[PDB]
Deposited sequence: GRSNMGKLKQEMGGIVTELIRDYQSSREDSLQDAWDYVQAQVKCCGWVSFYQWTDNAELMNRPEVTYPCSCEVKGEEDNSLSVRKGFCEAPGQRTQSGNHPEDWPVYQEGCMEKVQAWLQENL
């Protein structure tokens, strides 16, 4: 019964990544941005699942979710939403291999994070 719930959980997150709109303020989008920023991960299985987001991949520049971006930990903090344009990166289309984002998916890192601190 738990294997069914885990797969349904992964299915919701996958469609959430597909339907993510950078301009809309939504609590479900906020919760996912929080997980990616705090657990330090991108996507569910991998960050390439964000390539199924039509709005993201239609950008002319290297654009990625801001919550996925590799960043240091602040003092007493911390989650940026929406889409971020890569620093320095010609208008040659969106390139996922160029995203300065965490390379591990949140599926694997959340379980490791849970088995480590609780």
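Asker: Could you list, start to end, the deposited-sequence stretches with no C-alpha atoms?
Answerer: Counting from residue 1, the stretches without coordinates are 1 to 3, 81, 94.
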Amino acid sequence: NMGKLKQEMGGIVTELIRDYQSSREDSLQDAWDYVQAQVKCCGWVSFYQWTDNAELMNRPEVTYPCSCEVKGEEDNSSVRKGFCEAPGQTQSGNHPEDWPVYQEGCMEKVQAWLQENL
From here on, numbers count along this sequence of modelled residues.
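Asker: Averaged over C-alpha atoms, is the B-factor higher for 49 to 57 or for 65 to 73 in this PDB entry?
Answerer: Looking at the recorded C-alpha B-factors, 49 to 57 comes out higher on average.
Asker: Return whichever of 8 to 16 and 90 to 98 has the greater mean Cα B factor according to the PDB record.
Answerer: Per the PDB entry, the higher value belongs to 90 to 98.
Asker: Can you tell me whether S78 has a C-alpha B-factor in the lowest, middle or highest third compared with the other modelled residues of the same chain?
Answerer: Highest third.
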